[PDB]
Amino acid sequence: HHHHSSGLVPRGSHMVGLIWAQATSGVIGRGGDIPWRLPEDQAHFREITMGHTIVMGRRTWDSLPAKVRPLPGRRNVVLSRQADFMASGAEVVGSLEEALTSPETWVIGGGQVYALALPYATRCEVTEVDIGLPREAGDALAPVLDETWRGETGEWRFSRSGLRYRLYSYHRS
């Protein structure tokens, strides 16, 4: 069965969304990359963010596959404290306040930027990957979401590869 979910979330004059994929342990990144491959999550990330402003930390920009840098179809905003940073086809901003000026914004990583943006977020789109990768020194980590967050939990699904995952759609006022 499909998680008979409404999939509806009202919005106000500002919508700040966070979107990430995490292992059970909260690991989201390692060695400059994501330590699994999940086609359905790539498709999910693309469909949620298409047509919107996306905000990412400089290390997440570095981690994009060079052929989809900038991510097409989205206004790419890179957060860096390097005034001279070269992000061809994107814009570089020096502060989170300026990065979140678009009326709709999806924060797409990484660990540092999720943490700083979480107080302003009203949606979290989380892919939980059922992989038992323990946290290691240097890992990038997903935020811990408290009980101000509410929403819907999807059913477990298998990718054709056999990797198991599920989608959480969280929101708050």
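All residue numbers are counted from 1 along the displayed sequence. Throughout, rigid core stands for the largest set of C-alpha atoms superposing within 1.5 Å between the two forms.
Practice prompt. Would you mind working out which of 144 to 152 and 55 to 63 sits farther from this form in 9 other deposited structures of this protein by RMS C-alpha distance, with the rigid core as the fit?
Written response: Output: 144 to 152, the stretch lying farther off on average in 9 other deposited structures of this protein.
Discussion item. So, in 9 other deposited structures of this protein, taking the root mean square over structures and residues of the Cα distances after a rigid core fit: is 100 to 108 or 124 to 132 the more displaced stretch?
Written reply: If we average over structures and residues in 9 other deposited structures of this protein, the farther stretch is 100 to 108.
Worksheet item: For the stretches 95 to 103 and 76 to 84, which has the higher mean C-alpha B-factor as given in the deposited record?
Response: For C-alpha atoms only, the mean B-factor is higher in 95 to 103.
Worksheet item: If you average the CA temperature factors over each stretch, which comes out higher, 154 to 162 or 14 to 22?
Response: Mean B over CA atoms: larger for 154 to 162.
Discussion item. By the CA temperature factor listed in this entry, which of these ranks top: 28, 48, 68, 131?
Written reply: Of the candidates given, the C-alpha B-factor peaks at 68.
Worksheet entry | Out of 59, 135, 123, 44, residue topping the C-alpha B-factor column of the entry | Max CA B-factor in the entry, restricted to 59, 135, 123, 44: 135.
Discussion item. By the recorded C-alpha temperature factor, relative to the other modelled residues in its chain, which third is residue 145 in?
Written reply: Its C-alpha B-factor belongs to the middle third of this chain's values.
Practice prompt. Please place residue 119 in the lowest, middle or highest third of its chain by C-alpha B factor as given in the entry.
Written response: Lowest third, going by the recorded CA B-factors of the chain.
Practice prompt. Compare the C-alpha B factor of residue 34 with those of the other modelled residues in its chain, then answer lowest, middle or highest third.
Written response: As the PDB entry reports it, the C-alpha B-factor of residue 34 lands in the middle third of its chain.
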